[PDB]
Structures are given as C-alpha cells and as structure tokens.
Amino acid sequence: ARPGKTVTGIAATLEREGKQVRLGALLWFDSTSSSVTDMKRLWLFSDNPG
DNA sequence: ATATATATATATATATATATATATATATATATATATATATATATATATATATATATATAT
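Residues numbered from 1 in each chain as written, not as in the entry; some residues may be left out. Chains lettered and ligands numbered in written order. Part of a larger assembly, values for the part shown. Heavy atoms only, no water.

As summarised from the PDB record, the model derives from cryo-EM at a stated resolution of 3.57 Å.

And the structure:
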C-alpha cells in the first residue's frame, strides 16, 4: 500500500499523577527502495505535553 | 523440442559533498611547590641582685 516515498509514525503516551511520558518513533523512505538499510529511523522520547 | 542470448527490472555498491564529532597539538591561565627576608623562640655566657639558708652571735 505504501511502496513509494512515505513516512510512518507510532507513539505511546503513558501518565502517572498527571505527568506525561511519550515514547515514539518515525520511519520514512525517501524513494522506492525497500531494503532494511534504506529505512531511515528516528526514535523519540519526551515528557512534555507539547 | 531444448537451450541461447539480449533487454529489463531491481538489489547493492560506489562516488561525492555536508555537516558533525574527533585526535593531535599549541598556548593559556592556574596551582603546587621552593626560596627568601623577616620576626620570634631556644639556648647560652656573664653577671647582678635576690631569696633561701648555713653557719653563727647572741640570749634566757
């Protein structure tokens, strides 16, 4: 369904007594290439509601 | 008929440039440490004035 240039995003948000911590990630291709090493990755960690 | 060979597609490697993090190196400002002049303490010779005292005069 998404063979060409694309981006992907997942994010789990956990909270305790109103304090946020938002795990996450991004994964994008820049061209039709579909090999493992072509995957551009970027993992994110945060605690800011913004 | 089987297998051959070229054109095609796709997965991988190579070249090149940008930016960042790195290693080697220079120089800098900082701190430890040593050296010094100086003042103060410890000990001493020489001697005085002193307290304690023997030796002692004097007394009952």
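Resuming the write-up.
Q: Which residues make up the overall build of chain A, and what values go with them?
A: When helices and strands are counted, chain A shows 0 helices and 5 strands. For chain A, the N- to C-terminal ordering of α and β elements is β-β-β-β-β. By the compact-globule yardstick of 10 Å for 50 residues, chain A is too spread out, its C-alpha radius of gyration being 14 Å. Dimensions of chain A, computed from the C-alpha atoms along their principal axes, are close to 45 × 20 × 15 Å. Approximately 4,300 Å² of chain A is accessible, and the part contributed by carbon and sulfur atoms is 56%. Separation between the mean location of the 7 positive side-chain charges and that of the 5 negative ones in chain A comes to 4 Å. (Helix = DSSP H or I, 4+ residues; strand = E, 2+ residues; numbered from the N terminus. Rg over C-alpha atoms; globule rule 2.2 N^0.38 Å. Areas by Shrake-Rupley, 256 points an atom, 1.4 Å probe, with all protein chains shown as cover. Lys, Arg positive; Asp, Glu negative; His and termini not counted. Charge placed at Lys NZ, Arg CZ, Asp CG, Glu CD.)

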